[PDB]
Amino acid sequence: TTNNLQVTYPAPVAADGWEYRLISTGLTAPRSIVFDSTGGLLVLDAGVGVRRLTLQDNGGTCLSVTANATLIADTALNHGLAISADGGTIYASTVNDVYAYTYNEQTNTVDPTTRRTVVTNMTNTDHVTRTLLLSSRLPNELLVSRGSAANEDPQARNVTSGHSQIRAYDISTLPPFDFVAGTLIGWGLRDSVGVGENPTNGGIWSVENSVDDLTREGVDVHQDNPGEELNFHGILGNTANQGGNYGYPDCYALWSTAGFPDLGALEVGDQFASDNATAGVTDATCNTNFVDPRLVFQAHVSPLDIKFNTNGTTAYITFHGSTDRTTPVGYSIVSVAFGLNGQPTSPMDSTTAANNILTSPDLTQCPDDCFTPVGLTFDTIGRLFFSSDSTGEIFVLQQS
Ligand SMILES: *[C@@H]1O[C@H](CO)[C@@H](O[C@@H]2O[C@H](CO)[C@@H](O[C@@H]3O[C@H](CO)[C@@H](O)[C@H](O)[C@@H]3O)[C@H](O)[C@H]2NC(C)=O)[C@H](O)[C@H]1NC(C)=O
Ligand SMILES: *[C@@H]1O[C@H](CO)[C@@H](O[C@@H]2O[C@H](CO)[C@@H](O)[C@H](O)[C@H]2NC(C)=O)[C@H](O)[C@H]1NC(C)=O
Ligand SMILES: *[C@@H]1O[C@H](CO)[C@@H](O)[C@H](O)[C@H]1NC(C)=O
Ligand SMILES: *[C@@H]1O[C@H](CO)[C@@H](O)[C@H](O)[C@H]1NC(C)=O
Ligand SMILES: *[C@@H]1O[C@H](CO)[C@@H](O)[C@H](O)[C@H]1NC(C)=O
Ligand SMILES: [Ca+2]
């Protein structure tokens, strides 16, 4: 490599058979990342806009950033970033709007005047990120995620508010869509920041940042509950397993049974009534009217992205890390094994489905001396790249 970048905190530990390298540093707050057609890495640097890193590639993890330009300067862009399959359009989001920009791959420039607003009316308080995903199987379909306005948001009970949900938009048909004009992929999703497509079948998957301060029969159980969730939303362009309500704010998934008041026949993975559920809602109601997660993960690990490998055998998820637990959790990259039907190989009650790929050597140091993984992407040869927003870093990760 050109440069020898090193981390400034006790370094991530790779599982056996993996290796990594830090390749960019001094970014402000890097969120979503994607490759352009010319081998450049586009970085949604929150509060700055979209930056393009030029990389030199000597094979394996031997990559070096040789240059960087700001393609789009806009301080409102806070997370979401996508690029068309032909490479000629960039989509990026603010709290309120999803913009499309023409991207000139001959120059590697974007003319600001080319900006059009494709989706709008998304603004709300608290969860302000708007994850963008373009389908591979249906390349005209743009998915957009949008969280709650508060930890327990009552407007998430009203589907027309557009809070706590994922929408799909046919961009080929485009005066922006209104947020709630899109096909409904899911609602009752508090903050499903990570959304991905499994190539095995085009199955749509999201990962949930579930509720804080969880009380159960008035007892505080927030330390180990509720679960973070892997949720399944069917395939794009069909309604099976899609558009349902995944619980929030009425129902939450169970991670840890021990010391859980009013367990009943509840198992790991099953949802239960929130103490603050609307008048009438019970556990049976959670069981019959709301869509359960397909897997759960350790409470508060805070997943932010999910990406599958070319073959669909494995998904990789970023765990950005807990902020409210006495002993912190997350601060890792994990993988989840998937089968031929495009479902996880683990049962929905498993507590061991997340396999560690890259971890913080000592959780007691986090957040302050730990990476906080956010964005993931694959290059053309299957190498995995990821962002760490709080340390201003980009890493490459691969099997050795
Ligand atoms: C259901 O709704 C209730 C009511 O909003 C939520 O209760 C909140 O629980 C937290 C405990 O984590 C309370 O915070 C604490 O308040 C006391 C004062 O009594 C203070 O000494 C503590 O340091 C802490 O700030 C919070 O006040 C309470 N909120 C209220 C009464 O407004 C509960 O978390 C919700 N249940 C869920 C999300 O499962
Ligand atoms: C993007 O490019 C700029 C231009 O080279 C880099 O800015 C230099 O950064 C180093 C940081 O150690 C300074 O010593 C130089 O003075 C900077 N030069 C200028 C002209 O500002 C910047 O580091 C690059 N950023 C990333 C994230 O790669
Ligand atoms: C539902 O959502 C829309 C939000 O725009 C609003 O017009 C309506 O009054 C809301 N409340 C309901 C149906 O309870
Ligand atoms: C946003 O919603 C408001 C209603 O509050 C409406 O005036 C406006 O037409 C919407 N914008 C678009 C582009 O749909
Ligand atoms: C798919 O991807 C991974 C990485 O190449 C590999 O370990 C796995 O064996 C592959 N599966 C199939 C069915 O080819
Ligand atoms: Ca749920």
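No value in this document is a laboratory result; all are computed from the given coordinates. Note that each Cβ is placed from the backbone with ideal geometry, even for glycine, and that neighbours are counted across all protein chains shown.
Taking the square roots of five times each eigenvalue of the Cα gyration tensor of the stretch 209-350, the equivalent ellipsoid has semi-axes of 25, 20, 12 Å, listed largest first.
Separation of the stretch 40-58 and the stretch 164-193, taken as the distance between their Cα centroids, equals 27 angstrom.
Counting other Cβ atoms within 10 Å as a rough exposure proxy, the listed residues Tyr252, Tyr9 run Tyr9, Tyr252 from fewest neighbours to most. The tail of the calculated P(r) for the chain beyond 35 Å holds 22 percent of all Cα-Cα pairs. Taking other C-beta atoms within 10 Å as the exposure proxy, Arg294, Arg51, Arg115 rank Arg115, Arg294, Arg51 from fewest upward. Computed over the chain, the per-residue total of -39500 (n - 2.57) for DSSP H runs of n ≥ 4 gives a 222 nm mean residue ellipticity of -500 deg cm²/dmol, rounded to 500.
Percent of Cα pairs in the stretch 71-142 per distance bin of 10 Å, from zero to the largest separation: 19, 52, 26, 3. Between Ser136 and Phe378, the distance separating the two model label sites (each 7 Å from Cα on the Cα→Cβ line) works out to 0.4 nm. Using just the C-alpha positions of the stretch 298-400 as equal point scatterers, what log10 of I(q)/I(0) does the Debye formula give at each q in 0.11, 0.23, 0.24, 0.25 1/Å? Per q value, in the given order, log10 I(q)/I(0) is -0.34, -1.26, -1.33, -1.39. Taking packing as the residue-averaged number of other Cβ atoms within 10 angstrom, the listed peptides 215-223, 196-204, 243-251 run from highest to lowest as 243-251, 196-204, 215-223. Place a label point 7 angstrom from the Cα of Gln399 along the Cα-to-Cβ direction, then list the residues of the stretch 354-381 whose backbone nitrogen is under 13 Å away. Within reach of a label on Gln399: no residues.
Note on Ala85 and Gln155: with the Förster distance fixed at 45 Å, the Cβ-Cβ geometry gives a FRET efficiency of about 0.80. Backbone amide hydrogens, once placed in the peptide plane, bring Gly234 within less than 5 Å of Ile204, excluding anything fewer than 5 places away on its chain.
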